[PDB]
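Source file: work_1.cif. Holds: mmCIF, N, CA and C atoms.
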```cif
data_input
loop_
_atom_site.group_PDB
_atom_site.id
_atom_site.type_symbol
_atom_site.label_atom_id
_atom_site.label_comp_id
_atom_site.auth_asym_id
_atom_site.auth_seq_id
_atom_site.Cartn_x
_atom_site.Cartn_y
_atom_site.Cartn_z
ATOM 1 N N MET A 653 20.479 14.836 -10.933
ATOM 2 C CA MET A 653 19.283 15.004 -11.744
ATOM 3 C C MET A 653 19.440 14.384 -13.124
ATOM 4 N N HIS A 654 20.631 13.890 -13.465
ATOM 5 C CA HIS A 654 20.801 13.040 -14.631
ATOM 6 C C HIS A 654 20.930 11.572 -14.263
ATOM 7 N N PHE A 655 21.588 11.270 -13.146
ATOM 8 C CA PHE A 655 21.753 9.889 -12.719
ATOM 9 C C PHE A 655 20.509 9.328 -12.052
ATOM 10 N N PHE A 656 19.706 10.171 -11.414
ATOM 11 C CA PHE A 656 18.535 9.734 -10.674
ATOM 12 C C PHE A 656 17.328 9.480 -11.559
ATOM 13 N N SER A 657 17.440 9.678 -12.871
ATOM 14 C CA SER A 657 16.325 9.424 -13.780
ATOM 15 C C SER A 657 16.239 7.922 -14.052
ATOM 16 N N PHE A 658 15.786 7.196 -13.033
ATOM 17 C CA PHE A 658 15.677 5.749 -13.075
ATOM 18 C C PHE A 658 14.216 5.338 -12.956
ATOM 19 N N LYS A 659 13.996 4.032 -12.827
ATOM 20 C CA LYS A 659 12.666 3.495 -13.083
ATOM 21 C C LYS A 659 11.738 3.651 -11.885
ATOM 22 N N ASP A 660 12.149 3.158 -10.713
ATOM 23 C CA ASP A 660 11.194 2.846 -9.650
ATOM 24 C C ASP A 660 10.605 4.098 -9.009
ATOM 25 N N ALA A 661 11.440 4.921 -8.394
ATOM 26 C CA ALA A 661 10.953 6.045 -7.611
ATOM 27 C C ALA A 661 10.961 7.331 -8.427
ATOM 28 N N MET A 662 10.088 8.254 -8.035
ATOM 29 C CA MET A 662 10.074 9.594 -8.611
ATOM 30 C C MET A 662 10.888 10.528 -7.719
ATOM 31 N N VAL A 663 12.201 10.317 -7.756
ATOM 32 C CA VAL A 663 13.106 11.049 -6.885
ATOM 33 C C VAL A 663 13.309 12.477 -7.391
ATOM 34 N N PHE A 664 13.213 13.429 -6.466
ATOM 35 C CA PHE A 664 13.321 14.851 -6.763
ATOM 36 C C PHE A 664 14.353 15.452 -5.827
ATOM 37 N N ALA A 665 15.430 15.988 -6.387
ATOM 38 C CA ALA A 665 16.520 16.544 -5.603
ATOM 39 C C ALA A 665 16.591 18.051 -5.797
ATOM 40 N N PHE A 666 16.897 18.759 -4.716
ATOM 41 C CA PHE A 666 17.008 20.213 -4.755
ATOM 42 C C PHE A 666 17.882 20.666 -3.592
ATOM 43 N N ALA A 667 18.107 21.973 -3.533
ATOM 44 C CA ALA A 667 18.866 22.638 -2.494
ATOM 45 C C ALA A 667 17.954 23.584 -1.725
ATOM 46 N N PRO A 668 18.149 23.727 -0.418
ATOM 47 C CA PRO A 668 17.308 24.637 0.364
ATOM 48 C C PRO A 668 17.645 26.083 0.053
ATOM 49 N N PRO A 669 16.773 27.029 0.405
ATOM 50 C CA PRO A 669 17.145 28.443 0.285
ATOM 51 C C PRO A 669 18.217 28.824 1.294
ATOM 52 N N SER A 670 18.773 30.024 1.099
ATOM 53 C CA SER A 670 19.933 30.447 1.880
ATOM 54 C C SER A 670 19.580 30.701 3.338
ATOM 55 N N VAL A 671 18.339 31.065 3.619
ATOM 56 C CA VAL A 671 17.823 31.070 4.980
ATOM 57 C C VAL A 671 16.835 29.911 5.091
ATOM 58 N N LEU A 672 17.237 28.886 5.843
ATOM 59 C CA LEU A 672 16.393 27.706 5.997
ATOM 60 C C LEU A 672 15.213 27.995 6.909
ATOM 61 N N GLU A 673 15.340 29.015 7.760
ATOM 62 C CA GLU A 673 14.248 29.440 8.626
ATOM 63 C C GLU A 673 13.055 29.941 7.821
ATOM 64 N N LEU A 674 13.304 30.557 6.671
ATOM 65 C CA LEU A 674 12.234 31.086 5.833
ATOM 66 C C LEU A 674 11.947 30.112 4.690
ATOM 67 N N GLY A 675 11.016 29.203 4.957
ATOM 68 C CA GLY A 675 10.555 28.266 3.956
ATOM 69 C C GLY A 675 11.551 27.157 3.667
ATOM 70 N N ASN A 676 11.193 26.327 2.685
ATOM 71 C CA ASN A 676 12.029 25.212 2.256
ATOM 72 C C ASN A 676 12.164 25.120 0.744
ATOM 73 N N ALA A 677 11.504 26.000 -0.002
ATOM 74 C CA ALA A 677 11.582 25.966 -1.452
ATOM 75 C C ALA A 677 11.393 27.373 -1.989
ATOM 76 N N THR A 678 12.146 27.691 -3.031
ATOM 77 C CA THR A 678 12.037 28.984 -3.683
ATOM 78 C C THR A 678 10.822 29.004 -4.599
ATOM 79 N N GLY A 679 10.379 30.208 -4.932
ATOM 80 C CA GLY A 679 9.250 30.387 -5.817
ATOM 81 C C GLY A 679 7.941 30.522 -5.061
ATOM 82 N N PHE A 680 6.877 30.688 -5.838
ATOM 83 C CA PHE A 680 5.564 30.966 -5.283
ATOM 84 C C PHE A 680 4.901 29.694 -4.760
ATOM 85 N N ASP A 681 3.851 29.895 -3.967
ATOM 86 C CA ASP A 681 3.030 28.812 -3.447
ATOM 87 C C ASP A 681 1.667 29.379 -3.081
ATOM 88 N N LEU A 682 0.639 28.548 -3.212
ATOM 89 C CA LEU A 682 -0.716 29.014 -2.948
ATOM 90 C C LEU A 682 -1.581 27.834 -2.534
ATOM 91 N N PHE A 683 -2.748 28.165 -1.992
ATOM 92 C CA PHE A 683 -3.742 27.203 -1.561
ATOM 93 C C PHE A 683 -5.006 27.380 -2.386
ATOM 94 N N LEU A 684 -5.689 26.269 -2.628
ATOM 95 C CA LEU A 684 -6.981 26.255 -3.299
ATOM 96 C C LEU A 684 -8.002 25.738 -2.302
ATOM 97 N N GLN A 685 -8.959 26.586 -1.939
ATOM 98 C CA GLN A 685 -9.855 26.346 -0.821
ATOM 99 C C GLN A 685 -11.282 26.111 -1.292
ATOM 100 N N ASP A 686 -12.014 25.326 -0.512
ATOM 101 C CA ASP A 686 -13.416 25.015 -0.783
ATOM 102 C C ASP A 686 -14.284 25.881 0.122
ATOM 103 N N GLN A 687 -14.946 26.872 -0.474
ATOM 104 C CA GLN A 687 -15.763 27.778 0.323
ATOM 105 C C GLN A 687 -17.222 27.345 0.373
ATOM 106 N N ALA A 688 -17.748 26.796 -0.720
ATOM 107 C CA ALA A 688 -19.179 26.535 -0.812
ATOM 108 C C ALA A 688 -19.606 25.235 -0.148
ATOM 109 N N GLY A 689 -18.670 24.417 0.316
ATOM 110 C CA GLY A 689 -19.034 23.129 0.863
ATOM 111 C C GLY A 689 -19.040 21.998 -0.137
ATOM 112 N N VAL A 690 -18.355 22.155 -1.269
ATOM 113 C CA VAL A 690 -18.310 21.100 -2.271
ATOM 114 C C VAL A 690 -17.323 20.030 -1.811
ATOM 115 N N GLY A 691 -17.503 18.811 -2.309
ATOM 116 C CA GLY A 691 -16.752 17.668 -1.819
ATOM 117 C C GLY A 691 -15.280 17.698 -2.201
ATOM 118 N N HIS A 692 -14.586 16.643 -1.770
ATOM 119 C CA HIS A 692 -13.137 16.583 -1.928
ATOM 120 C C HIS A 692 -12.744 16.288 -3.370
ATOM 121 N N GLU A 693 -13.529 15.462 -4.064
ATOM 122 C CA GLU A 693 -13.159 15.044 -5.414
ATOM 123 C C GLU A 693 -13.315 16.184 -6.414
ATOM 124 N N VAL A 694 -14.213 17.129 -6.131
ATOM 125 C CA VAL A 694 -14.365 18.293 -6.994
ATOM 126 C C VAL A 694 -13.151 19.200 -6.871
ATOM 127 N N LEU A 695 -12.652 19.375 -5.648
ATOM 128 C CA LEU A 695 -11.438 20.159 -5.455
ATOM 129 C C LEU A 695 -10.220 19.430 -6.007
ATOM 130 N N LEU A 696 -10.244 18.096 -5.994
ATOM 131 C CA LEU A 696 -9.141 17.333 -6.569
ATOM 132 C C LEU A 696 -9.104 17.464 -8.086
ATOM 133 N N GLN A 697 -10.261 17.372 -8.742
ATOM 134 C CA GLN A 697 -10.280 17.554 -10.188
ATOM 135 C C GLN A 697 -10.036 19.010 -10.568
ATOM 136 N N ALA A 698 -10.360 19.953 -9.677
ATOM 137 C CA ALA A 698 -9.997 21.345 -9.915
ATOM 138 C C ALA A 698 -8.491 21.545 -9.803
ATOM 139 N N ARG A 699 -7.848 20.843 -8.869
ATOM 140 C CA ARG A 699 -6.394 20.904 -8.763
ATOM 141 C C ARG A 699 -5.730 20.275 -9.978
ATOM 142 N N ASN A 700 -6.309 19.191 -10.496
ATOM 143 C CA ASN A 700 -5.771 18.574 -11.704
ATOM 144 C C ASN A 700 -5.951 19.479 -12.917
ATOM 145 N N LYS A 701 -7.082 20.188 -12.983
ATOM 146 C CA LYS A 701 -7.310 21.157 -14.050
ATOM 147 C C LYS A 701 -6.324 22.317 -13.965
ATOM 148 N N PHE A 702 -6.065 22.801 -12.749
ATOM 149 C CA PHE A 702 -5.090 23.867 -12.558
ATOM 150 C C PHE A 702 -3.685 23.402 -12.913
ATOM 151 N N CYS B 1 26.856 35.093 -25.502
ATOM 152 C CA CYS B 1 25.619 34.797 -24.788
ATOM 153 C C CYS B 1 25.034 33.460 -25.237
ATOM 154 N N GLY B 2 23.710 33.337 -25.158
ATOM 155 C CA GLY B 2 23.044 32.107 -25.537
ATOM 156 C C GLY B 2 22.672 31.245 -24.347
ATOM 157 N N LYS B 3 23.467 30.191 -24.116
ATOM 158 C CA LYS B 3 23.359 29.285 -22.966
ATOM 159 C C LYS B 3 22.004 28.581 -22.895
ATOM 160 N N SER B 4 21.468 28.156 -24.040
ATOM 161 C CA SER B 4 20.169 27.489 -24.050
ATOM 162 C C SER B 4 20.296 26.009 -23.702
ATOM 163 N N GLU B 5 20.994 25.252 -24.557
ATOM 164 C CA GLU B 5 21.252 23.812 -24.424
ATOM 165 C C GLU B 5 19.936 23.036 -24.294
ATOM 166 N N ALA B 6 19.209 23.007 -25.412
ATOM 167 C CA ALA B 6 17.956 22.269 -25.502
ATOM 168 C C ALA B 6 18.217 20.769 -25.409
ATOM 169 N N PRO B 7 17.731 20.101 -24.365
ATOM 170 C CA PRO B 7 17.974 18.664 -24.217
ATOM 171 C C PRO B 7 17.097 17.872 -25.168
ATOM 172 N N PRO B 8 17.450 16.621 -25.463
ATOM 173 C CA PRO B 8 16.584 15.780 -26.307
ATOM 174 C C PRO B 8 15.300 15.418 -25.583
ATOM 175 N N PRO B 9 14.145 15.880 -26.084
ATOM 176 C CA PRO B 9 12.884 15.650 -25.364
ATOM 177 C C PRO B 9 12.379 14.218 -25.471
ATOM 178 N N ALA B 10 12.482 13.626 -26.658
ATOM 179 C CA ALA B 10 12.021 12.261 -26.861
ATOM 180 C C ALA B 10 12.980 11.284 -26.203
ATOM 181 N N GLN B 11 12.483 10.543 -25.239
ATOM 182 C CA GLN B 11 13.340 9.591 -24.549
ATOM 183 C C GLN B 11 12.876 8.154 -24.702
ATOM 184 N N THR B 12 11.547 7.918 -24.776
ATOM 185 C CA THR B 12 10.884 6.615 -24.784
ATOM 186 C C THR B 12 11.388 5.803 -23.598
ATOM 187 N N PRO B 13 10.927 6.122 -22.386
ATOM 188 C CA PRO B 13 11.668 5.746 -21.174
ATOM 189 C C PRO B 13 11.662 4.249 -20.907
ATOM 190 N N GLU B 14 12.693 3.798 -20.198
ATOM 191 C CA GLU B 14 12.828 2.383 -19.895
ATOM 192 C C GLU B 14 11.818 1.968 -18.836
ATOM 193 N N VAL B 15 11.327 0.741 -18.968
ATOM 194 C CA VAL B 15 10.253 0.231 -18.129
ATOM 195 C C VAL B 15 10.644 -1.154 -17.637
ATOM 196 N N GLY B 16 10.576 -1.353 -16.322
ATOM 197 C CA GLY B 16 10.830 -2.659 -15.751
ATOM 198 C C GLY B 16 9.705 -3.614 -16.085
ATOM 199 N N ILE B 17 10.035 -4.735 -16.711
ATOM 200 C CA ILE B 17 9.033 -5.651 -17.223
ATOM 201 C C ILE B 17 9.205 -6.998 -16.534
ATOM 202 N N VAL B 18 8.098 -7.728 -16.421
ATOM 203 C CA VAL B 18 8.100 -9.125 -16.004
ATOM 204 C C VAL B 18 7.166 -9.870 -16.940
ATOM 205 N N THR B 19 7.682 -10.872 -17.642
ATOM 206 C CA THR B 19 6.819 -11.672 -18.496
ATOM 207 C C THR B 19 6.082 -12.712 -17.662
ATOM 208 N N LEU B 20 4.777 -12.809 -17.871
ATOM 209 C CA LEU B 20 3.970 -13.740 -17.105
ATOM 210 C C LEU B 20 3.957 -15.103 -17.775
ATOM 211 N N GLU B 21 4.107 -16.142 -16.962
ATOM 212 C CA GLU B 21 4.075 -17.511 -17.449
ATOM 213 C C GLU B 21 3.096 -18.306 -16.602
ATOM 214 N N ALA B 22 2.420 -19.254 -17.239
ATOM 215 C CA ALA B 22 1.379 -20.018 -16.570
ATOM 216 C C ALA B 22 1.994 -21.078 -15.666
ATOM 217 N N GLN B 23 1.564 -21.101 -14.408
ATOM 218 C CA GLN B 23 2.124 -22.003 -13.409
ATOM 219 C C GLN B 23 1.012 -22.461 -12.481
ATOM 220 N N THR B 24 0.895 -23.775 -12.292
ATOM 221 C CA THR B 24 -0.185 -24.333 -11.489
ATOM 222 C C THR B 24 0.040 -24.062 -10.008
ATOM 223 N N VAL B 25 -1.060 -23.975 -9.268
ATOM 224 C CA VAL B 25 -1.023 -23.619 -7.857
ATOM 225 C C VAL B 25 -2.188 -24.312 -7.159
ATOM 226 N N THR B 26 -1.948 -24.794 -5.946
ATOM 227 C CA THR B 26 -2.993 -25.403 -5.139
ATOM 228 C C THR B 26 -3.494 -24.419 -4.089
ATOM 229 N N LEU B 27 -4.714 -24.660 -3.616
ATOM 230 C CA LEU B 27 -5.364 -23.782 -2.653
ATOM 231 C C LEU B 27 -5.759 -24.587 -1.426
ATOM 232 N N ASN B 28 -5.385 -24.090 -0.253
ATOM 233 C CA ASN B 28 -5.594 -24.809 0.992
ATOM 234 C C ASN B 28 -5.853 -23.815 2.115
ATOM 235 N N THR B 29 -6.679 -24.226 3.072
ATOM 236 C CA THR B 29 -7.088 -23.362 4.165
ATOM 237 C C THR B 29 -6.800 -24.018 5.504
ATOM 238 N N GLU B 30 -6.485 -23.169 6.479
ATOM 239 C CA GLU B 30 -6.290 -23.563 7.864
ATOM 240 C C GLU B 30 -7.544 -23.207 8.644
ATOM 241 N N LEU B 31 -8.095 -24.182 9.351
ATOM 242 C CA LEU B 31 -9.350 -24.015 10.059
ATOM 243 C C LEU B 31 -9.231 -24.557 11.474
ATOM 244 N N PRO B 32 -9.894 -23.927 12.443
ATOM 245 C CA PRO B 32 -9.774 -24.381 13.832
ATOM 246 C C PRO B 32 -10.772 -25.469 14.190
ATOM 247 N N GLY B 33 -10.329 -26.381 15.056
ATOM 248 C CA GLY B 33 -11.198 -27.452 15.492
ATOM 249 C C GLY B 33 -10.790 -28.009 16.836
ATOM 250 N N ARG B 34 -11.611 -28.931 17.319
ATOM 251 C CA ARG B 34 -11.349 -29.651 18.552
ATOM 252 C C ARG B 34 -11.194 -31.134 18.255
ATOM 253 N N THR B 35 -10.616 -31.854 19.208
ATOM 254 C CA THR B 35 -10.486 -33.292 19.080
ATOM 255 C C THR B 35 -11.541 -33.998 19.923
ATOM 256 N N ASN B 36 -11.965 -35.164 19.449
ATOM 257 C CA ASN B 36 -12.965 -35.955 20.148
ATOM 258 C C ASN B 36 -12.591 -37.422 20.046
ATOM 259 N N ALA B 37 -12.945 -38.187 21.071
ATOM 260 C CA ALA B 37 -12.606 -39.598 21.087
ATOM 261 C C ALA B 37 -13.478 -40.371 20.109
ATOM 262 N N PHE B 38 -12.997 -41.557 19.727
ATOM 263 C CA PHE B 38 -13.749 -42.406 18.812
ATOM 264 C C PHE B 38 -15.024 -42.920 19.457
ATOM 265 N N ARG B 39 -14.960 -43.281 20.735
ATOM 266 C CA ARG B 39 -16.163 -43.563 21.502
ATOM 267 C C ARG B 39 -15.902 -43.243 22.963
ATOM 268 N N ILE B 40 -16.830 -42.504 23.563
ATOM 269 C CA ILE B 40 -16.841 -42.229 24.990
ATOM 270 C C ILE B 40 -18.075 -42.884 25.587
ATOM 271 N N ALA B 41 -17.900 -43.512 26.738
ATOM 272 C CA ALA B 41 -18.992 -44.161 27.444
ATOM 273 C C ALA B 41 -18.947 -43.708 28.889
ATOM 274 N N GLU B 42 -19.953 -42.962 29.305
ATOM 275 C CA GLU B 42 -20.084 -42.552 30.693
ATOM 276 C C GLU B 42 -20.876 -43.641 31.409
ATOM 277 N N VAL B 43 -20.259 -44.260 32.414
ATOM 278 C CA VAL B 43 -20.937 -45.360 33.080
ATOM 279 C C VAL B 43 -21.948 -44.800 34.065
ATOM 280 N N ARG B 44 -23.196 -45.214 33.901
ATOM 281 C CA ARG B 44 -24.298 -44.733 34.708
ATOM 282 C C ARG B 44 -24.998 -45.936 35.311
ATOM 283 N N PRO B 45 -25.499 -45.817 36.540
ATOM 284 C CA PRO B 45 -26.100 -46.979 37.206
ATOM 285 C C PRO B 45 -27.456 -47.326 36.609
ATOM 286 N N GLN B 46 -27.668 -48.615 36.372
ATOM 287 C CA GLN B 46 -28.949 -49.118 35.907
ATOM 288 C C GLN B 46 -29.799 -49.674 37.037
ATOM 289 N N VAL B 47 -29.339 -49.559 38.280
ATOM 290 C CA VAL B 47 -30.060 -49.989 39.465
ATOM 291 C C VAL B 47 -29.930 -48.898 40.524
ATOM 292 N N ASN B 48 -30.451 -49.175 41.715
ATOM 293 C CA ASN B 48 -30.303 -48.290 42.862
ATOM 294 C C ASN B 48 -29.488 -48.989 43.937
ATOM 295 N N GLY B 49 -28.777 -48.215 44.741
ATOM 296 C CA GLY B 49 -28.097 -48.791 45.882
ATOM 297 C C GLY B 49 -26.830 -48.042 46.227
ATOM 298 N N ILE B 50 -26.165 -48.547 47.249
ATOM 299 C CA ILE B 50 -24.929 -47.975 47.765
ATOM 300 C C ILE B 50 -23.749 -48.631 47.069
ATOM 301 N N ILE B 51 -22.756 -47.827 46.710
ATOM 302 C CA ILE B 51 -21.513 -48.354 46.161
ATOM 303 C C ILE B 51 -20.719 -48.999 47.290
ATOM 304 N N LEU B 52 -20.526 -50.311 47.205
ATOM 305 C CA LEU B 52 -19.768 -51.035 48.211
ATOM 306 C C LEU B 52 -18.280 -51.093 47.916
ATOM 307 N N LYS B 53 -17.887 -51.113 46.648
ATOM 308 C CA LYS B 53 -16.478 -51.235 46.305
ATOM 309 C C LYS B 53 -16.241 -50.597 44.946
#
```

Now that the file is in, can you turn its structure into structure tokens?
Amino acid sequence: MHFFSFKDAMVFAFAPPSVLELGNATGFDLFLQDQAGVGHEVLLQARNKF
Amino acid sequence: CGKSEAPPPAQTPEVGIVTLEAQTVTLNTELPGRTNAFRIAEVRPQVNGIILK
């Protein structure tokens, strides 16, 4: 994470959790859903706002 | 205790650059076609009769 800070790629390195069967990353995760039928770009700009 | 170790935030990151220079270029296209003879003459009879030879 110090040597990989180079130009071309946005390389991200990490370690799996201790039980690989349960997920692949520690911490929280959530979904943002479109209920009213609004388009994709509105949900994209909402994700950027979040 | 402590163990903060605030890293230097300002980095001004390195950027791969290419300087542009003016260079002439030609433009050419590949197109499909057929070949044809310079002159074709189909021999047709100007009279009536049987071909003897």

TODO: Determine which residues of chain A receive a DSSP assignment of helix (DSSP H, G or I), computed from the backbone, and state them as an MDAnalysis selection string.
DONE: chainID A and resid 692:701

Open item on the list: Please identify all residues of chain B having at least one atom at most 8 Å from any atom of chain A, considering only C-alpha atoms, and return them as a count of residues only.
Closed with: 3

Task: Coordinates-based distance that separates atom CA of residue A:682 from atom C of residue A:669 (Å, one decimal) - done: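 Between atom C of residue A:669 and atom CA of residue A:682 the gap works out to 19.4 Å.
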
- [ ] Write out as number ranges by chain the residues lying within 8 Å of residue A:695, counting all atoms listed in the file and excluding same-chain residues fewer than 4 positions away.
- [x] A: 684-686, 690-691, 699-701

Just want the 7 Å neighbourhood of stretch 665-668 of chain A, counted on all atoms listed in the file, with same-chain residues fewer than 2 positions away dropped. Output as a short mmCIF file (atom, residue, chain, number, x, y, z; two decimals) with N, CA and C atoms, in the coordinates of the input.
```
data_model
loop_
_atom_site.label_atom_id
_atom_site.label_comp_id
_atom_site.auth_asym_id
_atom_site.auth_seq_id
_atom_site.Cartn_x
_atom_site.Cartn_y
_atom_site.Cartn_z
N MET A 653 20.48 14.84 -10.93
CA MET A 653 19.28 15.00 -11.74
C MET A 653 19.44 14.38 -13.12
N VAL A 663 12.20 10.32 -7.76
CA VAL A 663 13.11 11.05 -6.88
C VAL A 663 13.31 12.48 -7.39
N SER A 670 18.77 30.02 1.10
CA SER A 670 19.93 30.45 1.88
C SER A 670 19.58 30.70 3.34
N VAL A 671 18.34 31.06 3.62
CA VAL A 671 17.82 31.07 4.98
C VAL A 671 16.84 29.91 5.09
N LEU A 672 17.24 28.89 5.84
CA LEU A 672 16.39 27.71 6.00
C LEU A 672 15.21 28.00 6.91
N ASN A 676 11.19 26.33 2.68
CA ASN A 676 12.03 25.21 2.26
C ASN A 676 12.16 25.12 0.74
N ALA A 677 11.50 26.00 0.00
CA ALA A 677 11.58 25.97 -1.45
C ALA A 677 11.39 27.37 -1.99
N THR A 678 12.15 27.69 -3.03
CA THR A 678 12.04 28.98 -3.68
C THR A 678 10.82 29.00 -4.60
#
```

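Here atom CA of residue A:656 is placed at a distance of 14.8 Å from atom CA of residue B:11.
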
Task: Gap from atom CA of residue B:17 to atom CA of residue A:654 - Å, one decimal - done: 22.2 Å

Set up a box along x, y and z of the file covering all listed atoms of stretch 38-47 of chain B, add 5 Å on every one of the six sides, and write the centre and edge lengths in Å to one decimal, as AutoDock Vina command-line options.
```
--center_x -21.5 --center_y -45.8 --center_z 29.7 --size_x 27.1 --size_y 18.4 --size_z 31.7
```

Save stretch 660-682 of chain A to a file: N, CA and C atoms, as an mmCIF file, in the first residue's frame.
```cif
data_model
loop_
_atom_site.group_PDB
_atom_site.id
_atom_site.type_symbol
_atom_site.label_atom_id
_atom_site.label_comp_id
_atom_site.auth_asym_id
_atom_site.auth_seq_id
_atom_site.Cartn_x
_atom_site.Cartn_y
_atom_site.Cartn_z
ATOM 1 N N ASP A 660 -0.687 4.272 -13.174
ATOM 2 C CA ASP A 660 -1.663 3.801 -14.157
ATOM 3 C C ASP A 660 -2.935 3.270 -13.506
ATOM 4 N N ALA A 661 -2.822 2.219 -12.709
ATOM 5 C CA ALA A 661 -3.995 1.540 -12.182
ATOM 6 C C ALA A 661 -4.333 2.031 -10.781
ATOM 7 N N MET A 662 -5.609 1.901 -10.430
ATOM 8 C CA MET A 662 -6.067 2.180 -9.073
ATOM 9 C C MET A 662 -6.109 0.874 -8.284
ATOM 10 N N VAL A 663 -4.914 0.374 -7.984
ATOM 11 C CA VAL A 663 -4.779 -0.917 -7.329
ATOM 12 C C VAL A 663 -5.120 -0.810 -5.843
ATOM 13 N N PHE A 664 -5.934 -1.754 -5.375
ATOM 14 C CA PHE A 664 -6.416 -1.788 -4.001
ATOM 15 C C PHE A 664 -6.136 -3.169 -3.438
ATOM 16 N N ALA A 665 -5.322 -3.236 -2.393
ATOM 17 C CA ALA A 665 -4.925 -4.499 -1.793
ATOM 18 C C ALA A 665 -5.509 -4.624 -0.396
ATOM 19 N N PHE A 666 -5.925 -5.837 -0.050
ATOM 20 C CA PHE A 666 -6.500 -6.108 1.263
ATOM 21 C C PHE A 666 -6.353 -7.594 1.564
ATOM 22 N N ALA A 667 -6.796 -7.974 2.756
ATOM 23 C CA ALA A 667 -6.804 -9.338 3.241
ATOM 24 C C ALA A 667 -8.241 -9.789 3.467
ATOM 25 N N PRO A 668 -8.555 -11.054 3.205
ATOM 26 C CA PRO A 668 -9.921 -11.540 3.420
ATOM 27 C C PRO A 668 -10.221 -11.667 4.902
ATOM 28 N N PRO A 669 -11.493 -11.766 5.287
ATOM 29 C CA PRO A 669 -11.809 -12.070 6.686
ATOM 30 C C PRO A 669 -11.416 -13.494 7.049
ATOM 31 N N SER A 670 -11.456 -13.775 8.355
ATOM 32 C CA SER A 670 -10.939 -15.042 8.865
ATOM 33 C C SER A 670 -11.806 -16.222 8.450
ATOM 34 N N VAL A 671 -13.089 -15.996 8.224
ATOM 35 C CA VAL A 671 -13.944 -16.976 7.569
ATOM 36 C C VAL A 671 -14.254 -16.441 6.173
ATOM 37 N N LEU A 672 -13.678 -17.099 5.167
ATOM 38 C CA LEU A 672 -13.873 -16.662 3.789
ATOM 39 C C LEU A 672 -15.269 -17.007 3.299
ATOM 40 N N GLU A 673 -15.906 -17.994 3.932
ATOM 41 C CA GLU A 673 -17.279 -18.360 3.608
ATOM 42 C C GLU A 673 -18.248 -17.220 3.895
ATOM 43 N N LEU A 674 -17.971 -16.420 4.919
ATOM 44 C CA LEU A 674 -18.840 -15.309 5.287
ATOM 45 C C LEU A 674 -18.265 -14.003 4.738
ATOM 46 N N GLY A 675 -18.694 -13.674 3.525
ATOM 47 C CA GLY A 675 -18.324 -12.425 2.896
ATOM 48 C C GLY A 675 -16.892 -12.406 2.392
ATOM 49 N N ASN A 676 -16.493 -11.237 1.888
ATOM 50 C CA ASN A 676 -15.146 -11.024 1.370
ATOM 51 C C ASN A 676 -14.519 -9.730 1.866
ATOM 52 N N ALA A 677 -15.243 -8.939 2.652
ATOM 53 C CA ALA A 677 -14.709 -7.687 3.155
ATOM 54 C C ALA A 677 -15.355 -7.378 4.494
ATOM 55 N N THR A 678 -14.555 -6.839 5.403
ATOM 56 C CA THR A 678 -15.045 -6.444 6.710
ATOM 57 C C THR A 678 -15.773 -5.111 6.612
ATOM 58 N N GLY A 679 -16.597 -4.837 7.613
ATOM 59 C CA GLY A 679 -17.338 -3.597 7.672
ATOM 60 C C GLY A 679 -18.721 -3.721 7.057
ATOM 61 N N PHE A 680 -19.435 -2.602 7.091
ATOM 62 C CA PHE A 680 -20.824 -2.572 6.669
ATOM 63 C C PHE A 680 -20.942 -2.522 5.148
ATOM 64 N N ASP A 681 -22.152 -2.803 4.670
ATOM 65 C CA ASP A 681 -22.487 -2.716 3.257
ATOM 66 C C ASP A 681 -23.994 -2.548 3.132
ATOM 67 N N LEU A 682 -24.415 -1.840 2.090
ATOM 68 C CA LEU A 682 -25.835 -1.568 1.917
ATOM 69 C C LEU A 682 -26.129 -1.351 0.441
#
```
